[PDB]
Every structure is written in structure tokens, then in C-alpha cells.
Amino acid sequence: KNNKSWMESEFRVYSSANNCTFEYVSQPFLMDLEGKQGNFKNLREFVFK
Amino acid sequence: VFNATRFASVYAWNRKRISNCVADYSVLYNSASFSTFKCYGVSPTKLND
Ligand SMILES: *[C@H]1O[C@H](CO)[C@@H](O[C@@H]2O[C@H](CO)[C@@H](O)[C@H](O)[C@H]2NC(C)=O)[C@H](O)[C@H]1NC(C)=O
Ligand SMILES: *[C@@H]1O[C@H](CO)[C@@H](O)[C@H](O)[C@H]1NC(C)=O
């Protein structure tokens with residue numbers, strides 16, 4: 001949108017958080033949100049237990 | 001906790017939650033700063049181990 005950057009502006013996952021127990025935030029970075037195109041280029045595999 | 005610039009009134013007693021940390025009391029029980037430290041289910045020495 002004009003600024004020629006893709007910019008994050010909406011965060012609509014939760015409305016409130018009242019009873020916290022754990023909080024970690026990574027050391028701050030700047031990853032690109034740029035509109036790459038063609039086919040898939042990253043495989044990202046995760047296991048959760 | 002122990003060094004806060006103002007404490008609460010007892011009728012409005014605070015409740016600070018603590019997690020993801022290590023409990024070294026060596027600047028604490030080993031300091032004569034308290035006119036009363038008493039534990040009631042542990043020896044004050046055993047708090048490190
Ligand atoms: C976390 O916050 C909620 C909301 O303030 C607490 O739920 C209240 O709990 C008391 C005591 O059981 C009840 O009388 C209230 O009616 C509850 N309110 C609501 C809106 O649910 C909850 O107890 C808090 N938990 C902790 C561990 O502090
Ligand atoms: C462009 O970015 C500025 C801040 O850098 C922001 O205020 C503005 O709303 C953005 N415009 C669009 C169209 O996203």
C-alpha cells in the first residue's frame with residue numbers, strides 16, 4: 001500500500017488475557033513480509049508434544 | 001521483592017507471581033538486613049539445594 005512496504009497492521013487472535021503463567025519474547029529482529037512469488041521455497045517442519 | 005521503594009498496606013497486601021528464575025538467597029539470609037527471617041517447613045540453609 002503505497003509505502004512500497006508490506007506492513008503488518010491487524011492482530012486479531014485474542015480479545016483478552018487475564019491469568020498469565022509464562023512469557024518469553026525473542027530478541028527483536030526484522031524479518032521480511034515481502035510478497036515473494038512462483039512456487040514454495042521454504043519447508044518448515046514442527047513436532048509438538 | 002525485598003528492595004522495592006514502597007511496599008503495600010497490609011489491608012491491600014500485594015501478590016507478585018514469580019517464575020523462570022533461580023532462588024539464590026546469598027545476598028538475603030546471609031545479610032543482617034532482616035530483624036526476622038523464619039522458614040516453617042525447611043532449614044533456611046536448604047533453600048539453595
Ligand atoms: C484470574 O482472574 C479471574 C477473573 O478476575 C478470577 O476469576 C474470579 O475468581 C473469583 C474467586 O474464585 C470469583 O469470585 C470471581 O467471580 C471470578 N471472576 C470471573 C469473571 O471469573 C480468577 O480466580 C483469577 N485466578 C487467579 C489464579 O488469580
Ligand atoms: C504507510 O506507513 C505509515 C507509517 O510508516 C502508516 O502511517 C500508513 O498508514 C501506511 N499506509 C498504508 C496505506 O498502509
# chains A, B, ... in the order shown; residues from 1 in each chain; ligands from 1
$ interface_residues --of "chain B" --to "chain A" --cutoff "9 Å" --atoms "only C-alpha atoms" --output "PDB file with N, CA and C atoms, in the first residue's frame"
ATOM      1  N   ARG B  17       3.458 -12.671  41.407  1.00  0.00           N
ATOM      2  CA  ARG B  17       3.853 -14.006  40.894  1.00  0.00           C
ATOM      3  C   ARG B  17       5.323 -14.004  40.413  1.00  0.00           C
ATOM      4  N   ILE B  18       6.040 -15.106  40.634  1.00  0.00           N
ATOM      5  CA  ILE B  18       7.452 -15.338  40.265  1.00  0.00           C
ATOM      6  C   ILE B  18       7.578 -16.695  39.511  1.00  0.00           C
ATOM      7  N   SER B  19       8.305 -16.699  38.379  1.00  0.00           N
ATOM      8  CA  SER B  19       8.680 -17.902  37.606  1.00  0.00           C
ATOM      9  C   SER B  19       9.907 -17.696  36.680  1.00  0.00           C
ATOM     10  N   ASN B  20      10.399 -18.791  36.082  1.00  0.00           N
ATOM     11  CA  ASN B  20      11.514 -18.920  35.129  1.00  0.00           C
ATOM     12  C   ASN B  20      12.841 -18.321  35.607  1.00  0.00           C
TER      13      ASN B  20
END
$ residues_near_ligand --ligand "ligand 2" --cutoff "6 Å" --atoms "only C-alpha atoms and all ligand atoms" --output "PyMOL selection string"
chain A and resi 1-3
$ residues_around --residues "region 32-49 of chain A" --least-positions-apart "4" --cutoff "10 Å" --atoms "only C-alpha atoms" --output "compact mmCIF listing (two decimals) with C-alpha atoms, in the first residue's frame"
# COMPACT_ATOMS: atom_id res chain seq x y z
CA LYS A 4 6.11 0.16 -1.12
CA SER A 5 6.45 -1.94 2.07
CA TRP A 6 4.12 -4.77 3.13
CA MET A 7 3.19 -3.70 6.66
CA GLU A 8 1.68 -5.71 9.48
$ atom_distance --atom1 "CA of residue 33 (chain B)" --atom2 "CA of residue 7 (chain B)"
16.0 Å
$ atom_distance --atom1 "CA of residue 30 (chain B)" --atom2 "CA of residue 45 (chain B)"
9.5 Å
$ atom_distance --atom1 "CA of residue 16 (chain A)" --atom2 "CA of residue 28 (chain A)"
23.5 Å
$ residues_around --residues "residue 28 (chain B)" --least-positions-apart "5" --cutoff "12 Å" --atoms "only C-alpha atoms" --output "list in words"
residues 1, 2, 3, 23, 33, 34, 35, 36, 37, 44, 45, 47 and 48 of chain B
$ select_by_dssp --residues "chain B" --states "helix (DSSP H, G or I)" --output "count of residues only"
8
$ residues_around --residues "residue 49 (chain B)" --least-positions-apart "5" --cutoff "12 Å" --atoms "only C-alpha atoms" --output "PyMOL selection string"
chain B and resi 22-25+42-44
